[PDB]
Amino acid sequence: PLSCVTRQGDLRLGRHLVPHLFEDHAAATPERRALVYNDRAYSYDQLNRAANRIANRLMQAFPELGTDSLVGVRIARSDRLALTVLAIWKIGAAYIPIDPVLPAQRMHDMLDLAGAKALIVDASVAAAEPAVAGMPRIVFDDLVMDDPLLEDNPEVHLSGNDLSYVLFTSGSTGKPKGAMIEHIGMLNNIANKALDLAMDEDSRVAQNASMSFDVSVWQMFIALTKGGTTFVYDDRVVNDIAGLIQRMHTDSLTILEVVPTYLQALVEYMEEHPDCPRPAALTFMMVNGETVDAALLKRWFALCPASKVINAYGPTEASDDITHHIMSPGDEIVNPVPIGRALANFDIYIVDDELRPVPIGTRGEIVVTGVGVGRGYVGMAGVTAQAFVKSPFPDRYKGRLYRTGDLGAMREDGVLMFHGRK
Ligand SMILES: C[C@@H](N)[C@H](N)C(=O)NS(=O)(=O)OC[C@H]1O[C@@H](n2cnc3c(N)ncnc32)[C@H](O)[C@@H]1O
């Protein structure tokens, strides 16, 4: 057999994109708790109304904003960030996360490469730093002000193929590359995760990742598509392991995603302080981003025996993950830990340099087609052409193929194994 797994078309995604699923819940159950950020709690209705005031004031200030318009957002992770992103999506536009800690020259490159039409900051950022001529800047605090006449849904038409966000790399070499992600790819990642994490209206999901990382998107919004609650854990909280663990206990958190080094810090703390309260409501811990090892996973399972663990793998360019490896405490967990099974609506291949699939068990490049393959890198046609190419394989979407630059191999059962960088 050849190293091919095909799941294009496997999962129906429903009629509604992410912002509209949130709107559905706000209409059906307005008083459910939607989002908590430290001392601030919003019901679905409060969050929706505030996002609508922002959206309507944005359309007043920028009447030409809409489909594929890119808006920079330089607001720290918070209720304010969630509200601003939701507002941008409601008016048909897409956003670029620009963490306030990033220096001005990085902001400039991100806005310039993206052709951004405007920048939204919060009051603290506006007071610390000047606007730049030619880049309209508007302030969250003004956009969100009370006005009961501005609280209805904008009801702008959104298509699945429209951009939802552009996420720039944050390495130490070259100009940053801004991956273009579309609403339908973002939705597909969320739909797969909601199923594999067994989510429901009682789910309580942590938003702990930096806004410079694409995983912060599904973390912020997945619960809002299900009637559950997002808990935003900012940098001050995440930097205090003891404090984050206590918060997860008090909040009865059910879903947490981390990288392996942070997982290690959590495991070490709980092993060193067995008297302390633990995240006993967690149903799933997801680890992603770098290679995880079996011994660390088994140490986690000893501490959180009621949880399952997902090893999640994929590139930002394909809307977050393309494989999930689901593990239960009783499983035979050994090194190397698999990266797992293709998400629905993708096809994954292990190929040689000419994109020819290799026999099962042979190492080659991981490449992917399907609904979540994004558009490329904004303002960079050459770099785009290096990794985004026309698929030579059957396709039911837009014919896109993404070369990950990762080496891997496929087992006979279709499970994928990660073998480093090509
Ligand atoms: C992972 C996504 N949830 C997230 N969107 C993200 O990390 N995107 S990414 O584009 O920034 O990095 C992607 C690059 O990291 C590497 N990698 C990612 N996961 C794993 C993993 N489980 N085991 C080993 N290595 C991994 C790999 O080399 C890969 O290509």
Side-chain angles (χ1 to χ4, degrees), residues 97 99 164-174 176-182 185-186 188-190 192-193 196-197 205-222 255-264 284-294 296-297 300 309-327 333-343 346 348-351 364-368 372-377 383-384 386-388 401-409 415-422:
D99 190 322
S164 56
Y165 62 86
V166 173
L167 192 300
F168 284 86
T169 55
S170 44
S172 58
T173 64
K177 306 201 280 80
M180 290 184 277
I181 302 302
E182 297 166 337
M186 185 177 71
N188 184 64
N189 184 58
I190 273 166
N192 272 277
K193 281 175 167 50
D196 287 344
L197 299 164
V205 179
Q207 198 298 278
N208 55 322
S210 165
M211 64 189 285
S212 289
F213 299 150
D214 69 328
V215 298
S216 62
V217 180
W218 82 265
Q219 289 175 12
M220 187 70 85
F221 290 101
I222 192 165
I255 293 160
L256 172 69
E257 175 174 51
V258 294
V259 302
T261 52
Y262 198 91
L263 175 57
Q264 177 172 45
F284 285 85
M285 185 275 291
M286 176 174 287
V287 66
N288 81 127
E290 311 285 343
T291 300
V292 71
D293 66 286
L296 179 57
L297 293 174
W300 169 267
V309 175
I310 303 186
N311 190 20
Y313 158 89
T316 299
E317 289 87 346
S319 309
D320 182 19
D321 291 310
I322 64 175
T323 65
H324 287 162
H325 184 57
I326 306 171
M327 293 164 281
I333 298 171
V334 299
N335 288 315
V337 178
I339 51 168
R341 293 202 177 267
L343 264 66
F346 289 108
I348 304 180
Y349 305 85
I350 305 298
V351 299
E365 187 179 19
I366 299 170
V367 305
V368 59
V373 177
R375 294 204 196 160
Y377 304 113
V383 177
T384 292
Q386 284 302 86
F388 293 81
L401 181 150
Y402 180 69
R403 305 182 63 158
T404 63
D406 294 318
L407 293 172
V415 169
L416 285 137
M417 309 297 293
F418 177 76
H419 287 285
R421 296 292 292 169
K422 174 165 149 160

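Residue numbers run from 1 in the order of the sequence given. All heavy atoms count here, side chains included; hydrogens, waters and symmetry mates do not. In listed order, ligands and their atoms are each counted from 1.
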Note: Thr316 and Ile181 closest approach over all heavy atoms is O-CD1, 3.1 Å
At their closest point, which heavy atom of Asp99 faces which heavy atom of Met211, and how far apart are they? CA-SD, 3.7 Å
Ligand 1 contact on [X] by region, counting heavy-atom pairs under 4.0 Å:
X	result
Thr291	both
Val292	neither
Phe418	side chain
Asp406	side chain
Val287	neither
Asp320	both

Would you compute the distance between atom [atom1] of [X] and atom [atom2] of [Y] and round it to the nearest 0.5 angstrom?
X	Y	atom1	atom2	value
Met286	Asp196	CE	CG	7.5 Å
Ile339	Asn288	CD1	CG	12.0 Å
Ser212	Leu167	OG	CG	7.5 Å
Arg341	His325	CZ	NE2	9.5 Å
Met327	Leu297	CE	CG	5.0 Å

Check this for me - ligand 1, [X], N or O atoms closer than 3.5 angstrom, yes or no?
X	result
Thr316	yes
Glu257	no
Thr404	no
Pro315	no

Parallel, tilted or perpendicular for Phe388 and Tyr377, by the 30°/60° rule? perpendicular
Do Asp406 and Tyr313 get their side chains close enough for a donor-acceptor pair, meaning under 3.5 Å? yes
Provide the number and element of each atom of ligand 1 under 4.0 Å from a heavy atom of [X].
X	result
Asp214	4 (C), 5 (N)
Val215	3 (N), 4 (C)
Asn288	1 (C), 2 (C), 3 (N), 4 (C)
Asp321	1 (C), 2 (C), 3 (N)

Run down the list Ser212, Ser216, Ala179, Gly314 and name the one with the heavy atom closest to atom 8 (N) of ligand 1. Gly314
Could you pull out, from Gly171, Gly289, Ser319, the option with a heavy atom nearest to atom 7 (O) of ligand 1? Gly289
Carefully, step by step, assess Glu257 and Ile255 under the rule side-chain contact (heavy atoms from CB on, under 4.5 Å). CA-CA 7 Å; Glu257 175 174 51; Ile255 293 160; over 6 Å; no
What protein heavy atom sits nearest atom 21 (C) of ligand 1, and how far off is it? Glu290 O, 3.6 Å
Evaluate side-chain contact (heavy atoms from CB on, under 4.5 Å) for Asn189 paired with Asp321, printing each intermediate quantity in order. CA-CA 7 Å; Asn189 184 58; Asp321 291 310; 4.1 Å; yes
